[PDB]
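Enquirer: Here it is, the structure, as structure tokens.
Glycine gets a Cβ as well: all are built from the backbone with ideal geometry, and neighbour counts include every protein chain shown. Every number in this text was worked out from the coordinates using simple rules, so none of it is lab data.
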Ligand SMILES: COc1ccc(OCc2ccc(COc3c(Cl)cccc3Cl)cc2)c(Cl)c1
């Protein structure tokens, strides 16, 4: 289901340092990483419904 | 001018009619001259997402190094 | 796309139409693409109750001793 | 849904074959027919089991809900979809553990003036909107949610034949479970008792969503009430694993019981 | 003959000289998931001989006053060797079973035990709050539970027991026990047999599920004809339960699950 | 290329962009016991994906002063998921391994680590009593041990340590470390590679043995050229060890073994 | 401080000594987890009641 429900819970994603980030001198010691998400070729959805991501007052 | 298509049977009844024959087909006839009056057939095709997922000039293999 | 099945005539009229011809048949045509929209054909099959009545591993004959 | 076998004539016997004797400990039922224990005549059997097929047993529209709306928040109502609000259809479905079918919903709508001598209103139009689990639920009888750009809605005009729609097999499993011996959560060691606790025999908190019903007309100060009786019929039926039927009164959505625990009457052992 | 058998699974063998045949539930023998019915895409683990073997759960004692016993599967086997390990290390698990109930007496004893295998054996609770039985009580493990002769409502609001209250003649679920024969079963009538043997395929509305959240089968043992002996008001005969999982396959490996207890 | 690789075992994948090829010990890839070399007659268990996957043991830190580290197999993996379970539930066990040592730095760091896989890696003790090292000390598990720069005899007669005293230049066994190159190995020279990868077949004088009594392989890591950086007398880079058992098959199932500890 | 700014997309790393604590944590609820619910994938999933299939995370 597309809602938070324990019956259809999916699991956990996490990241850890395997070794460590190493930089030489004269180099920034902190840097960013960006994450991306996409569906694989076996992905499908069903039962069209209305989204809660858009509303209209009055 | 009738169009006879077959349905994609989901739940099957304990009948052989649920697995074959005209019993798993549906019939359609257009009554209006303007195509706008027609219903949607819903026998719609798909395509390759490549134009969005990989709009790359020099085609690359996933097993092979992207940056070469 | 018409499906023509025959009816199981219960009470018979004093006609030959009550015993033969298209007069003891009924016609069906599906109008919707989704099988869910269909009516029930009701030409449903039966099966062997054995899975419930005799879920025994070593098959036994009624004439023969059950406890052998 | 077919024929029954003919009775073959059977004469006297004096043999070592004894079909009358058996041993029910095996877990099997003795498949005897009259000719096994008495002398029979030949009877050409014409009776059939056409009406006791799984399909014919359920081929009836049963009431599952009576939704009420007072057109003077009651200007609209929401009904959580279920078959357990009533007892008749529920008991029939529970002869089996799992099921798979399509559904036909017919809506019988009635309305009336609360006052015998007051008020008046023009013909009412109703909107029955299906809110799939996840979609925004209406807060007012006229907020943005009633635009139904994606949710399926049914607009019924009072006085017209009962509305009717078909729904496919919508389960997220390969069959509907009439019984679920489990929980939606597993409490883990170490977590607070408030944690990992869930209802016994419950799957999703919102299985099939709900119906939001309202009268579309602008409400008049007149006192009016409407009731939408929902009838559901399983069509294209398949069922698995038979179970004994409910003997005592239902006590909630579960198999819980409390009240009518002594269903059988008294009868003398040697009284016909 | 119908009466002598030998069952061998892994490194365990069971022999019997007084059987009454064996029942294969719904006529289906346990099997692995076929590719056409597969759901999780990851490679399954199939312990085979390490998990598919006979495990003997605790022995219960039958007395003139016993009302009955019940167990839940895979629950009763959660602490059994490598079967339990695989159950807790994987998100999903599937298995069939060979249930062998043992009970011998003598030619001067009487009594009959009804052994039923019930798919989705939901039991009734003890409070006015619906579906209130808590996880810890619903899953007793190898010790299982017992049937009662009557319903007794838990009234302690401060500390509700949140337990089951399975009344025997109501089959612990609001149905008459005499109709429980529609479920795969055997009867251990002391004058006829020593045991009951049932082969159970995996039954569920899914091909694979969570073994920790869901119990597929329930085993119910009820005294159909009470235990009686010579003239000894005092009589006790043990009932041992030996079960072997079959065609075990698990999917979704991660860190081990440690459920909350008591 | 010789430098980019991906290893997939079960549900675990390892990628590297700075490899120096991989070594397959003695040119033998791990395999299962053939019928012509079989000994125990019982049906083996082969956990497959549940046991044959990458397990990451604890990360150690390399400093200018480090002398070296060592581990024993299957010992270091005894508490690793379902591999450890199968190891303890069975009398006999056999497995090969894929050892992947990880160590990244920068282009301004120096140092070289010699990674050796030694069959029957017997280490020297600390007392005048021969073969006095006790079981608990010989089998440290995933944390392994360390090499020393010199031999120091344990003199506490009242409470002997009964531990190893592996001197680095003596390869912890009375042989010169420079000759340890006759054993399958790789070198992690910081200016060249990130890791070392070794595929180890099962080596023993028997087809299968007791995994609790006997360690087949030993992994020794020695700083051949000490760690040095820019001008930081202070430098620490972690060394992570990831090992995956291969072709696991166990024989002789019984109750679980619980060895004495510390 | 980062939500609803360009910083909500940046996860910072550093050259500190090795630690076994997580850099980030997420729940696989593509349509409901706040971090996934507003991605193109999450936006589409919110127009449907059921989802099934594999996903891939690229860093
Ligand atoms: C085992 O027995 C079962 C299983 C499922 C059931 O309900 C499933 C269910 C799911 C969606 C809808 C939504 O149907 C509707 C729609 Cl799209 C539009 C308008 C009105 C309705 Cl009404 C209705 C029922 C019931 Cl009632 C009994």
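Enquirer: What is chain E's relative contact order, in percent, from Cα pairs under 8 angstrom and six or more apart in sequence?
Expert: 40 percent
Enquirer: From the C-alpha coordinates alone, can you work out the Kirkwood hydrodynamic radius of region E:186-262, in Å?
Expert: Values: mean 1/r = 0.0588 Å⁻¹.
This gives a value of 17.0 Å.
Enquirer: Arrange B:37, F:127 by Cβ neighbour counts within 10 Å, fewest through most, would you?
Expert: By the 10 Å Cβ count, ascending: B:37, F:127.
Enquirer: What residue in chain E has the Cβ closest to the axis turning E into F, and how close is it in whole Å?
Expert: Residue nearest the E-to-F axis, with distance in whole Å: E:85, 2.
Enquirer: Same structure, new question: How far, in nm to one decimal, is residue F:28 from itself in the other copies if the label point is set 7 angstrom along Cα toward Cβ? Shortest first, please.
Expert: List, nearest first: 4.7 nm.
Enquirer: Can you name the residue in chain B whose Cβ lies closest to the B-to-C rotation axis, and give that gap in whole Å?
Expert: B:2, 8
Enquirer: Relative to 2.2 N^0.38 Å, what does the C-alpha radius of gyration of the protein assembly as shown come to as a ratio? Two decimals please. Present the calculation step by step, with values, prior to reporting the outcome.
Expert: On the way: Rg = 35.7 Å, N = 1049, 2.2 N^0.38 = 30.9 Å.
Working it through for the protein assembly as shown, the quotient is 1.15.
Enquirer: How many nm separate the modelled label positions at residue B:52 and residue D:49, each set 7 Å beyond the Cα in the direction of the Cβ?
Expert: Roughly 5.3 nm, to one decimal.
Enquirer: Apply 1/(1 + (r/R0)^6) to the Cβ-Cβ distance of residue F:213 and residue G:11, taking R0 = 45 Å, and write down the FRET efficiency to the nearest 0.05. Present the calculation step by step, with values, prior to reporting the outcome.
Expert: Numbers: r = 47 Å, r/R0 = 1.05.
The pair residue F:213/residue G:11 has a calculated efficiency of 0.40.
Enquirer: Separate question: Describe numerically, in nm with one decimal, the distance between label points set 7 Å from Cα along Cα→Cβ at residue F:12 and at residue E:13.
Expert: Going by the 7 Å Cα→Cβ label model, 4.0 nm.
Enquirer: Measuring nothing but label to label, 7 Å from Cα along Cα→Cβ, what are residue E:159's distances to the other copies in nm, shortest first?
Expert: 4.5
Enquirer: Nm distances between the label at residue E:231 and the same-position labels in the remaining copies, 7 Å along Cα→Cβ, shortest first?
Expert: Counterpart label points of residue E:231 in the remaining copies fall at 10.9 nm.
Enquirer: Still on this structure, I have one more. Express the relative contact order of region F:40-185 as a whole percentage, based on alpha carbon pairs under 8 Å and six or more residues apart in sequence.
Expert: 29 percent
Enquirer: Rounded to the nearest 0.05, what FRET efficiency do residue A:46 and residue B:41 have when you use their Cβ-Cβ distance and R0 = 22 Å?
Expert: Working from the Cβ atoms, E equals 0.65.
Enquirer: With each pseudo-label sitting 7 Å past Cα toward Cβ, what's the residue F:254-residue F:182 distance in nm, one decimal?
Expert: Those two pseudo-labels are separated by 3.9 nm.
Enquirer: Here is a further query. Under the rule of -39500 (n - 2.57) per DSSP H run of 4 or more residues, summed and divided by the residues of chain E, what mean residue ellipticity at 222 nm is obtained, to the nearest 500 deg cm²/dmol?
Expert: Here the helix-only value at 222 nm equals -1000 deg cm²/dmol.
Enquirer: What three numbers, in Å, describe the spread of the alpha carbons of chain E along their principal axes, ordered from the longest?
Expert: Computed over chain E, the largest-to-smallest principal extents equal 61, 57, 29 Å.
Enquirer: For E:80, F:87, what ranking results if the residue with the fewest other Cβ atoms within 10 Å of its Cβ goes first?
Expert: So the residues, fewest neighbours to most, are E:80, F:87.
Enquirer: A further question follows. Output the relative contact order of chain B, whole-number percent, from Cα pairs under 8 angstrom with separation of 6+ residues.
Expert: Relative contact order for chain B comes out at 26 percent.
Enquirer: If you don't mind, another one. What FRET efficiency would be calculated for the residue pair residue B:34, residue D:219, taking the C-beta separation as r and a Förster radius of 56 Å, to the nearest 0.05?
Expert: It comes to 0.90.
Enquirer: Among E:117, E:20, E:157, which one moves the most in a GNM of chain E with springs linking Cα atoms closer than 10 Å?
Expert: Fluctuation is largest for E:157.
Enquirer: Report, as a whole number in µm² per second, the diffusion coefficient that Stokes-Einstein gives for chain B at 10 °C and 1.306 mPa s using the Kirkwood radius over alpha carbon pairs.
Expert: Working: Rh = 17.1 Å.
The Stokes-Einstein estimate is 93 µm²/s.
Enquirer: Continuing with this model, one more query. Please compute, over every Cα-Cα pair in region D:150-204, the percentage with a separation greater than 15 angstrom.
Expert: Here the tail beyond 15 Å accounts for 70 percent of pairs.
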